[PDB]
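This report concerns only the one structure given below.
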Amino acid sequence: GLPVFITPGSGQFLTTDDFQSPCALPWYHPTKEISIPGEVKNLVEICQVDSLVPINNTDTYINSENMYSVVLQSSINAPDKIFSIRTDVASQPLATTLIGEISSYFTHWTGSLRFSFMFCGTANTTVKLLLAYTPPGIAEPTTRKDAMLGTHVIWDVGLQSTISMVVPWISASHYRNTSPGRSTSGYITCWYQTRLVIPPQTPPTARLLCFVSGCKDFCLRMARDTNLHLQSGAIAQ
Amino acid sequence: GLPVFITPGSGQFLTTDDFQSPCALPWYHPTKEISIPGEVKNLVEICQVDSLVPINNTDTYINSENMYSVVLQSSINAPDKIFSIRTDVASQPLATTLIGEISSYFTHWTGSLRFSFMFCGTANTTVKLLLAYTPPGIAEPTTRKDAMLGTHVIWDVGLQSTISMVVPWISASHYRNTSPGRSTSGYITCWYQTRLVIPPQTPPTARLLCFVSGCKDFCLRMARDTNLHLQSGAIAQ
Amino acid sequence: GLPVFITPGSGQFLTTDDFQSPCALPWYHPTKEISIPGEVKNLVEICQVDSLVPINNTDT
Amino acid sequence: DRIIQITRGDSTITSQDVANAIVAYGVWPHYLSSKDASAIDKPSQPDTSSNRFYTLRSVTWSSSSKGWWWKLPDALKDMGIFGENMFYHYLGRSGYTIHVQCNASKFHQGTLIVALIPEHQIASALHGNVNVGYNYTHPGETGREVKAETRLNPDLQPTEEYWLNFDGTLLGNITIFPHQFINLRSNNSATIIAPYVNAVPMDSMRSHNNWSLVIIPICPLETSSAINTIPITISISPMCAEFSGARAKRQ
Amino acid sequence: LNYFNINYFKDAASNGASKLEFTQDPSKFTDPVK
Amino acid sequence: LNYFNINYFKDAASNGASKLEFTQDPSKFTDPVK
Amino acid sequence: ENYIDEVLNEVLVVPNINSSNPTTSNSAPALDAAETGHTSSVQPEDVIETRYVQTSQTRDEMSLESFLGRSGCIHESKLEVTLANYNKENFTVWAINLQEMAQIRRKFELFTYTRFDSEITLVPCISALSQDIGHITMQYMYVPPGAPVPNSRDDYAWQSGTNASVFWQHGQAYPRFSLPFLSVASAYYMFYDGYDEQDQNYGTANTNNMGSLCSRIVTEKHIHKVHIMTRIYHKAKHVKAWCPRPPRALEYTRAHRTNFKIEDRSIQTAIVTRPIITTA
Amino acid sequence: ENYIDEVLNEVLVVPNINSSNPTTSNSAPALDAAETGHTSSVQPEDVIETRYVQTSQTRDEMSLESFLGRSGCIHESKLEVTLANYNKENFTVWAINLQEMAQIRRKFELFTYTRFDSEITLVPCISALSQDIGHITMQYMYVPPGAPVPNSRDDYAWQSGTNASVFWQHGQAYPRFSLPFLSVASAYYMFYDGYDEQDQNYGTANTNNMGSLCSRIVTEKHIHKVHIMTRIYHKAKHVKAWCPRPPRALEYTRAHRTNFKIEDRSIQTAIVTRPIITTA
Ligand SMILES: CCCCCCCCCCCC(=O)O
Ligand SMILES: CCCCCCCCCCCC(=O)O
């Protein structure tokens with residue numbers, strides 16, 4: 001006969017609650033747990049793994065393997081641009097990578113980003129390139145002089161065939177929305193530095209690859225529902 | 001199977017209750033708190049700040065800056081009255097000041113009040129004035145002799161241009177209603193003491209300003225809803 | 001998830017009960033109490049005071 | 001006393017009759033600590049080449065004036081090294097020091113109100129579904145003056161209700177903001193020192209205005225002399241400025 | 001005189017009202033100066 | 001700051017969510033090698 | 001010692017009043033200068049003869065937690081069911097903002113920045129337009145920014161894989177839940193002097209974006225005509241604030257804006273005129 | 001010390017950022033070789049000049065328990081009662097599987113093996129097709145493999161000698177119960193590369209068989225026409241996982257299968273084309 005007082009919100013079903021409930025199978029003893037390699041404990045281990053990014057997402061190479069590489073020409077003698085993408089973690093074309101796919105389940109993000117490039121050409125072929133990052137608040141650069149005035153790295157190909165640059169975290173606040181709308185986070189571009197030189201009787205073109213992964217300060221919060229998948233009809237049983 | 005007894009009043013929704021409820025966002029970690037200047041902890045700090053009072057609230061100066069000042073004439077040689085207002089904290093015209101606006105959210109009040117006056121005239125102009133406060137229970141004075149028989153201060157203008165008088169707390173009970181209805185709390189008046197004297201080739205008029213703030217014994221209680229604001233239609237989204 | 005058992009007589013309104021209820025005016029501080037002469041604590045003090053009795057209650 | 005002397009960079013200001021000085025919210029400006037930092041790159045501190053005094057264009061005070069207002073750091077958008085650094089970077093923060101000077105004779109009378117308002121969001125002039133254009137909130141060093149003649153683009157201009165603080169709040173309650181008075185019979189100068197206040201450690205300098213300066217004549221100017229129009233001058237000095245995120249020039 | 005006070009949920013937001021502390025009497029508003 | 005935590009049922013499945021532990025930072029995924 | 005004071009609400013004491021005597025000296029505390037932007041510090045025992053009084057009031061009710069810790073309505077949603085095209089209509093979407101009710105908006109707009117936790121309570125009501133109501137069930141789901149927004153009663157988005165949801169049925173008590181401080185910055189913005197990246201949307205319309213709140217009726221097709229009206233109440237906990245501002249004087253017109261002009265209407269405030277200033 | 005951190009969710013700290021100075025040496029940490037199948041270990045303080053920053057974020061929300069511990073709908077069953085042949089119809093049978101709702105299926109198929117306990121909640125709804133509903137009672141029974149499956153409303157199998165059952169009636173709250181990890185092996189299979197003993201049924205259609213869930217209406221004959229719709233929600237506790245896999249890119253077609261082809265339909269993914277690659 002203990003007197004009690006009922007508070008508002010009783011009897012409701014909240015999806016994200018945490019309460020204990022009686023079991024339907026008393027005295028049941030589950031199977032023992034053997035050791036299996038490859039146990040994942042946090043989602044941040046997945047985000048620290050490189051994956052290719054579809055740079056060449058035009059209509060011609062829409063469903064093939066040609067969308068992951070970009071071609072270089074040796075007939076060009078000028079400081080020209082090769083490609084340019086946005087650095088927003090959840091925007092195209094890098095929204096479909098591993099880190100992009102995982103980030104679509106949250107709303108806020110922070111930390112730095114790491115980009116890697118690999119050169120796939122003949123061992124007798126040499127080139128020099130320039131990779132630059134542009135902080136927000138200004139239009140996209142159109143000439144090498146404007147691109148140089150910023151965070152940039154100069155790459156020379158040799159015995160090693162991979163380079164890695166980082167995009168520092170530069171923002172007014174501490175977090176950013178994974179779906180920004182009208183705001184941006186900057187651009188990254190690539191330009192010819194000197195030329196692409198080949199010996200006689202050699203293919204006159206070369207390919208390139210790009211990877212992306214998160215640095216040691218990457219983080220996510222405020223989990224939500226992803227927007228990269230949908231169910232139109234009904235799944236057949 | 002603990003026996004319990006249900007008491008009356010269970011399941012109700014009381015607006016001013018205090019109960020714990022489950023959270024809808026488990027494991028969420030809010031953003032850190034940086035230091036921002038200007039942190040307010042109590043509402044009494046706002047009430048201890050001076051603000052102007054619209055003494056001249058006639059129809060001519062209804063929407064302008066002329067309602068905050070009163071003019072003095074040098075062509076008057078007589079003990080005349082300049083202005084008079086009521087000392088109720090939540091009545092016109094001092095109901096729209098900071099302390100008046102804050103007091104409209106409560107029902108009871110207590111403590112003393114502080115009034116300040118500033119003289120805005122030529123540096124070669126001199127005057128003497130009389131400020132008096134009349135306790136309740138009697139009609140408003142009409143002559144300087146009646147006004148003098150009370151709490152009053154004599155002001156002489158010089159290098160300093162500001163004077164400050166206080167209105168002591170005199171009441172039968174310990175608190176007063178912010179909306180009194182028929183009762184009153186007294187009056188405060190201003191009279192010419194000697195004259196306003198100017199040199200040759202000088203403007204013949206001068207202006208005055210008034211401020212108000214609470215003393216160290218001001219207090220409020222029994223919070224309610226304000227009556228100085230209303231919503232007629234619907235706010236467009 | 002503590003299991004409980006409901007006993008008869010729950011939810012009723014008994015006029016002479018004694019239970020605690022939430023307050024509608026949080027953080028309110030009532031007025032102080034001054035000393036007033038003549039404080040009554042029990043009803044037996046009233047019963048120990050003389051009073052006249054209408055012995056002659058005729059119609060006249 | 002009435003004497004004051006302030007030296008920021010290579011410039012000095014003196015005055016022989018002032019009324020103390022105001023430190024906004026009782027906090028002195030300083031640099032950014034590592035406990036609150038968000039960006040990871042190294043900031044740039046021009047020091048003495050940018051923390052100096054800059055003077056804006058003067059205005060005329062007559063018997064029919066109504067008021068003026070400015071915005072920061074929009075006013076100093078082209079003042080040498082500070083403007084160049086503001087337009088070459090992406091983030092920045094700084095404090096300020098404001099000095100207002102206006103002198104008259106001993107046969108004049110008048111009073112001014114000088115206030116500094118944070119996050120002063122002004123209201124529109126017309127009714128319906130309208131908003132405020134970008135060009136009219138960034139007038140540069142000239143500032144904005146309340147007038148009566150018809151302006152162009154009525155659907156983008158702000159309001160002229162000076163007595164409503166330009167945003168729907170009664171004048172006379174403005175004393176909560178850091179403020180000072182100028183009485184012609186007492187003093188002729190005002191000084192306010194303000195730190196950096198915001199909800200974020202650092203922010204874009206071309207899309208956000210932290211502070212605003214408002215001048216309102218509460219008592220009309222009146223005199224019997226032949227000098228019936230008095231000028232007003234304003235000087236501003238950045239304190240502890242730093243920038244980050246270098247790129248190409250926005251302009 | 002006294003009363004019991006126990007939290008039941010694991011989240012801080014889930015708890016009740018904060019305990020009234022101080023009013024920071026020193027007012028920089030009244031005297032905005034060092 | 002603190003909170004109560006008592007189990008009422010006799011089964012472990014009946015209890016609430018498990019206490020967050022570690023993330024096993026060493027990632028064999030990043031560097032799949034001894 | 002600490003339970004007793006707060007149970008009696010005897011914290012936050014007020015200074016007493018000291019007795020005074022007639023004085024005559026060179027120092028004049030009554031005189032001062034108001035051009036310095038400071039408030040005078042004159043006390044009653046400096047200009048009049050006072051009596052020793054032991055004050056007993058306490059300033060607990062003027063604290064921020066007491067002032068802002070009261071529930072108030074912030075929204076009202078009306079849902080009318082139709083028996084034709086049952087699986088297309090019968091859902092509502094609302095964007096979260098505390099700028100549609102005059103009382104709450106004016107109370108909270110007294111400062112520039114704030115930081116607090118929230119508490120939400122729902123009050124559902126059913127209006128009967130037929131002979132009977134039957135069994136009615138309702139669902140409310142919270143959609144953070146970027147998540148898919150349903151556009152039909154039978155959309156797949158209602159499965160609520162990660163989104164939080166709550167259910168209510170006739171005969172049940174009022175639902176209630178709590179929310180933490182959910183913002184990118186360290187505080188909320190009530191006034192913003194800035195634009196977006198395209199130099200558009202002046203005001204707070206860009207910084208504040210907390211998502212949407214959706215609702216639907218879960219019961220299948222039936223033969224009853226009803227209307228559902230739900231009211232949402234909000235209360236703040238663990239409150240902090242900065243930089244107070246003057247109170248609003250006129251009526252609000254639009255959300256996220258400070259416009260006050262009204263077509264064919266003069267400006268009206270709370271000030272009442274007088275015939276003459278020499279008569280109170 | 002342990003209550004405080006978890007109440008504030010301050011576990012799982014993140015490393016800080018250290019300051020750096022200009023360098024010029026023979027060692028070049030920026031250069032590496034990606035043919036080794038390893039991830040580069042370059043940090044921001046190796047290629048640029050940084051500032052000392054004390055980070056404050058915590059990675060608690062990306063844990064597996066937080067990620068997978070949310071309720072979501074997995075099934076919807078519709079039961080229409082008929083007043084003719086009352087004792088023959090009016091029962092439903094469903095085979096348990098977590099492969100019929102896109103959100104839950106895609107969330108859980110990010111790994112190869114998992115092991116967890118379950119929690120089930122039911123949301124019953126009644127649709128009125130007549131003047132009144134009356135009194136309605138429902139029963140749900142769990143049938144493990146090998147147990148007799150009822151085929152009528154009045155079958156003897158409803159006596160529930162050993163099978164677990166639950167009852168619901170109008171005006172009652174939502175039922176809820178828990179289940180342990182019930183599998184023959186040490187983990188669940190989301191992908192299986194194998195067949196059965198007859199070299200048939202390729203996939204997971206053979207390893208996963210948890211039984212069936214049955215329901216019926218217990219009320220006897222009446223004169224009311226109603227429809228009953230019940231929704232089942234599931235949440236996982238004490239979760240472990242192994243061997244992560246790439247996320248799904250296309251829509252699902254069938255259960256226990258990975259087929260994606262659709263008649264008279266081109267292949268569509270989430271990638272959006274561009275006019276030219278030199279303009280972002
Ligand atoms: C139903 C969810 C309602 C929660 C809203 C409270 C948080 C809003 C804080 C800032 C909103 C604004 O100022 O408009
Ligand atoms: C109503 C009972 C529902 C319980 C199902 C949860 C356990 C299923 C685990 C594996 C099922 C599968 O992967 O299809």
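Protein chains in written order, with the deposited numbering: chain C, 1 to 237; chain C', 1 to 237; chain C'', 1 to 60; chain B, 1 to 251; chain D, 1 to 34; chain D', 1 to 34; chain A, 1 to 280; chain A', 1 to 280. A prime marks a further copy of an entry chain. For every residue, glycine included, the Cβ atom is placed at its ideal position computed from N, Cα and C.
Residue from the options with nearest C-alpha to residue i
i, options, result
"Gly-26(B)", "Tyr-3(D), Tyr-8(D), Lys-34(D) and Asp-11(D)", "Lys-34(D)"
"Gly-137(C)", "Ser-58(B), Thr-12(B) and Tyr-90(B)", "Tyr-90(B)"
"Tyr-142(A')", "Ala-95(A'), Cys-125(A') and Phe-67(A')", "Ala-95(A')"
"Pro-135(C)", "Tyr-88(B), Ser-189(B), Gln-16(B) and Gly-83(B)", "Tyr-88(B)"
"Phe-67(A')", "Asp-88(C), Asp-217(C), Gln-92(C) and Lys-41(C)", "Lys-41(C)"
"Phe-218(C')", "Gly-181(C'), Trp-109(C'), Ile-235(C') and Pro-180(C')", "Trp-109(C')"
"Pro-8(C'')", "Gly-1(C), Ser-112(C) and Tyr-133(C)", "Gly-1(C)"
"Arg-8(B)", "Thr-229(B), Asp-74(B) and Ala-241(B)", "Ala-241(B)"
"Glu-33(C')", "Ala-164(A), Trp-242(A), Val-42(A) and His-256(A)", "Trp-242(A)"
"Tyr-68(C')", "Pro-141(C'), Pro-93(C') and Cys-47(C')", "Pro-93(C')"
"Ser-84(C')", "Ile-99(C'), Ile-62(C'), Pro-54(C') and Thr-96(C')", "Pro-54(C')"
"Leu-64(A')", "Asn-7(D'), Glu-21(D') and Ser-27(D')", "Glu-21(D')"
CB contact flag (residue i, residue j, <8 Å)
i, j, result
"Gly-69(A)", "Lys-237(A)", "yes"
"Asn-57(C')", "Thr-278(A)", "no"
"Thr-169(B)", "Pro-145(A)", "no"
"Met-62(A')", "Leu-43(C)", "yes"
"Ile-216(B)", "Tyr-162(B)", "yes"
"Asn-177(C)", "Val-184(A)", "yes"
"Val-49(C')", "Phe-29(D)", "yes"
"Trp-61(B)", "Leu-221(B)", "yes"
"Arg-86(C)", "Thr-184(C)", "yes"
"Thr-58(A')", "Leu-12(A')", "yes"
Nearest-angstrom beta carbon gap, residue j and residue i [assumed within contact, 8 Å]
i, j, result
"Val-53(A)", "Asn-21(A)", "Not confirmed; about 16 Å, so no contact."
"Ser-38(B)", "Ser-173(C)", "7 Å"
"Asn-227(C)", "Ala-164(A)", "Not confirmed; about 17 Å, so no contact."
Distance, residue j Cα to residue i Cα
i, j, result
"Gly-172(B)", "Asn-87(A)", "58 Å"
"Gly-16(D)", "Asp-18(C')", "6 Å"
"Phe-115(C)", "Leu-131(C)", "10 Å"
"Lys-145(C')", "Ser-161(C')", "27 Å"
"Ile-4(A)", "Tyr-28(C'')", "15 Å"
"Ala-19(B)", "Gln-12(C')", "60 Å"
"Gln-198(A)", "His-208(B)", "13 Å"
Check: residue i C-beta below 7 Å from any heavy atom of ligand 3
i, result
"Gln-99(A)", "Ligand 3 is not among the ligands present in this structure, which contains only ligand 1 and ligand 2."
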